[PDB]
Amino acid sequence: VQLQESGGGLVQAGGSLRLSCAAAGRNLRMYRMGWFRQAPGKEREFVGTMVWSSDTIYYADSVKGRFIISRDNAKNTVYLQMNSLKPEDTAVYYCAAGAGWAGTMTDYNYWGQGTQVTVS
C-alpha cells in the first residue's frame, strides 16, 4: 500500500482543518486504515481507525467528539476532519495501513510521509 497525506498548515485554536490521505494498493479495501500523530519531542500516538467495509470508526479519547474520519470511495481517499482544535493538537499527522487481520490486532505496515498541523 502507498499513502500520501495532505492538508496540513497553521490554524487558530477553536478552528477546523481537513486532512486527506490518498491510498493505492493491491487489495486496498482489505486493509484497516489509521490516523496517527506525533507532537514535537513526544511519542507517536493513535488518532483513529476505519475499515473500508464499515461505517463505524474508532477514536482515541484525546480526539473523540472533535475529529471525524470519513472517506471518498471513488478517490480512495480517507479524511481526518479536525474540529474544535487545541494547541495540544499540534503534530505531524500520519496515515497508515495494515491488513485487516481479523481475530488479531492490526499491525500498521504502510505509512505516509505525514502532513504537519500547528494550532496557535
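Position 1 is the first residue in the sequence shown; the rest follow in order.
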Open item on the list: If you average the CA temperature factors as listed in the entry, which stretch comes out higher, 20 to 28 or 100 to 108?
Closed with: 100 to 108
TODO: Give the stretch, out of 40 to 48 and 89 to 97, with the larger mean C-alpha temperature factor in the deposited entry.
DONE: 40 to 48
Open item on the list: Ranking every modelled residue in this chain by its Cα temperature factor as given in the entry, which third contains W35?
Closed with: lowest
- [ ] Taking the values exactly as deposited, rank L80 by C-alpha B-factor within its chain and report the matching third: lowest, middle or highest.
- [x] lowest
